[PDB]
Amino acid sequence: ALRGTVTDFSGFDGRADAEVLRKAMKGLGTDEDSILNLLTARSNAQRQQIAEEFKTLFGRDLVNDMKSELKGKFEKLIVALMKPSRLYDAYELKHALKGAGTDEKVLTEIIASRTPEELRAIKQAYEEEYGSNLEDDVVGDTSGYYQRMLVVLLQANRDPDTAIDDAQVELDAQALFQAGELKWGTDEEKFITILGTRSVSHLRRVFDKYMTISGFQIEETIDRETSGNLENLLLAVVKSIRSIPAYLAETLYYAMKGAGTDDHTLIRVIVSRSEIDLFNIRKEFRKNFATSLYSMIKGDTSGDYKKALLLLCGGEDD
C-alpha cells in the first residue's frame, strides 16, 4: 500500500562509495554533483554504512566534512539526508521546541501525522539523544487545549481498529454535534477525547455520519468553532485520519504555493517520508492540485538543491 521513492541500492559497496565521496571533496572546490548523485540513490541505512566506511578509511567524519564543503539549502538538504531515520523526527521536534521560540507548525505536523507506533519510537529516540522527555518538553513550551491535544496524541494510545459499532458511530457524531454547533461556545474537551483516542476506521465513519447529521463536514465546524493553534492541530488530525499522504501532500503545496518557498518544510517532508509513503504523497498531490510534485519543485527551487530534491522525489507526471 504505502510506498516511498527511495530504496536500498542493489550493488551497494559502502567502501567504494566512501572513496567517491572523498575524491569529491578532496582538494580545492567540491564536486556537489557527485555527492548529490550518490546520496540520493542510496537508502538511509546505506548512507549510515557509507559514513562508517568513510571514518574507518580516512579517519574523518563524513557529515562534518560536507558541512564544511557545502552551504545554503543544499547543505541543509544533504545534512538531513544523512540523519538516521529513527532520529530525524526527534531531531526536528527538538529543534522546534528549543530556543526562546517554538515552531508549532512542526509540532502540529509531526505529532498529528505520525502513527502511535512512530510516536513511541520518536519518544524513545528523543530521550536517549537529548536526555529529556518529549512530553515534558512540549508541555513546557505550550499551553491551553493545544498543549492538551498534543499530550493526548503523545500518549500513542489511540484505540485499535476493530469491527465498527454503528450505535457508537451515531453516539460520537451526535456528541460532537452537541459539543460544537449546538453549544454556546465549545466543549473542546469532548473534541479532544473523541478525535484523539478513537480508532481511525471508527472516526472515518463518524466524519461521514456527522456530515449527514449537521450538513457540515467536521472540518467546517472546526473552523467555525475554534481558532489559533488548536484549530490548525485539529484540522491536521482530521486530515491525517482521512489520509496521511493527502495531508502531507497538502502541507507541501502550501510550502511552495506562496511567493517564496518554505524550504524547511519542503526538506523535512520529502526527506522524512522518502522511504515511507512519498510515492503516495505524489499521487495525492497531482489528484488534488492538478500538477505533479516534480514540476512544482522544479519551478520553486534551484541549484544542486533543486537537483537533489527532484532526484529524491522524481516522477514527472506525478
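A residue's number is simply how far along the shown sequence it sits, counting from 1.
- Stretches compared: 190 to 198, 244 to 252. Higher mean C-alpha B-factor in the entry: 244 to 252.
- For the pair 205 to 213 and 98 to 106, the record assigns the higher mean C-alpha temperature factor to 98 to 106.
- Based on the entry's C-alpha B-factors, the most elevated value among 160, 144, 185, 116 belongs to 160.
- When all modelled residues of the chain are sorted by CA temperature factor, residue 46 is found within the lowest third.
- When the modelled residues of the chain are ordered by C-alpha B-factor, residue 130 sits in the highest third.
- For residue 148, the recorded CA temperature factor ranks within the middle third of the chain's modelled residues.
- In the PDB entry, residue 169 places in the lowest third of its chain by CA B-factor.
- Ranked by Cα temperature factor within the chain, residue 20 sits in the middle third according to the deposited record.
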